[PDB]
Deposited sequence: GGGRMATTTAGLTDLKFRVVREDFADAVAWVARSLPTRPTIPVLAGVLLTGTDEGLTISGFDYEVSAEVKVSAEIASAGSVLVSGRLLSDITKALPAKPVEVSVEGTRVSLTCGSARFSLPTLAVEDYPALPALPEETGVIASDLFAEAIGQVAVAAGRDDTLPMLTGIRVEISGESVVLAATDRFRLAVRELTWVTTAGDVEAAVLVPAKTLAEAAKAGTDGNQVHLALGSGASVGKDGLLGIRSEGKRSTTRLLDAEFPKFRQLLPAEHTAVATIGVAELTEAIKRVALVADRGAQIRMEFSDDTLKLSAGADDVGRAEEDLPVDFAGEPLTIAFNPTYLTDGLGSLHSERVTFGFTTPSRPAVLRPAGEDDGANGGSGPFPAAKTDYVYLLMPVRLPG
């Protein structure tokens, strides 16, 4: 039966855009978008064996059916349609799309090799969408981006009943975000690894609570799939089958020096001094008294140094960092102040968000939901 429907332009264009996000760059049928008109409305879906996205939109179905059409072209067309209802009609091998005085005739793709969407696993728990986007955004910045070390390209998701912990690392920084969710099924104790680029994109797209589907019982993760369910939206992501490194042991129990300072002021001053850093390699940080002196430079390009007042306890310390790793971390705190936890110039520094608010030390590690652990670079 030939599909035929009318739909509101904004509803259609949004949904198609959303699906076309997780659509592959280039088997050519996989970049197709599937339109199915049902008794309830229009389903718009895309799948590429790794990631699937399905959205349900209101529509006036004059004639039920389905059709596969090129995903990119459909997205481009729908973004540029005028302020008029959209009417879609399949007639033979063509799909016709009319909107006001505009008429598009597109070839239909072949279904005979178009794979059915995977079923989502059973529900595991529910997170408010704004929290989910923040946490995922925070840890994703530390994820590795090199497919030759696949374990690093995932976000580690560990579940302990009502507690969820997200972690990511690329060997130079480690991001760890703890949060609370409401479990839906039974109380659950498992860990899973999810492709970070995918998961960060889904979270960043937005939702208005997010239902995560990893399964339940002791069978959590057995489908090898992360399902994400939202109002009118369903998506799946293939889990990563790779052992994640043991990161928790890297979080120091105490520090020999700590430092507290405004995020915005530090970030601005870093960027300013780093302008003269050779190939953006390193920025130097000297802590002493109530002063932090940043410095950077190169032989043939020039030198820079800048002073900032700081809340600093412990013995004077000079430690160096990759400026970008550093501002990446600062930028992901989402707080006014940052607290640095140090030991030596050769050992990881702890960045935690501070709130509005002594002695010689050593200093107990603060308890926070979020931490960014940054490896220093060697001073020349």
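Unmodelled regions of the deposited sequence, numbered from residue 1: 1-12, 39-40, 222-223, 374-377, 401.
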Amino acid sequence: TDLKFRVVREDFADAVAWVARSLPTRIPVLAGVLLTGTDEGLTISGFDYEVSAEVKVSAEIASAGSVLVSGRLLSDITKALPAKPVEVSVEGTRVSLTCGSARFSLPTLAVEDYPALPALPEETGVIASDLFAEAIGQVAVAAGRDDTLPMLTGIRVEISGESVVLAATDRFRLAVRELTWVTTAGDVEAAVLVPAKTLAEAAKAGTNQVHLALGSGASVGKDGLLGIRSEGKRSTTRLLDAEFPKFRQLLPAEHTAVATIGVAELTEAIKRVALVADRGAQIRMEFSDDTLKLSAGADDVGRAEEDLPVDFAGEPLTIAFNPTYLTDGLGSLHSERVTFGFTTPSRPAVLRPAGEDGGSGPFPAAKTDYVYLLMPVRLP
From here on, numbers count along this sequence of modelled residues.
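Per-stretch averaging of Cα B factors for 67-75 and 234-242 places 234-242 on top.
In this entry, the higher average B-factor at the C-alpha atoms falls on 108-116, of the pair 87-95 and 108-116.
Considering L250, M285, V220, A140 together, the PDB entry gives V220 the largest C-alpha B factor.
Considering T256, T183, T198, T153 together, the PDB entry gives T183 the largest C-alpha B factor. Sorting the modelled residues of the chain by their CA temperature factor places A277 in the highest third. For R171, the recorded CA B-factor ranks within the lowest third of the chain. Only modelled residues enter the ranking. In the PDB entry, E336 places in the highest third of its chain by CA B-factor. The PDB entry assigns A62 a C-alpha temperature factor belonging to the middle third of its chain's modelled residues. Per the PDB record, residue ranking by Cα B-factor puts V16 in the lowest third of the chain.
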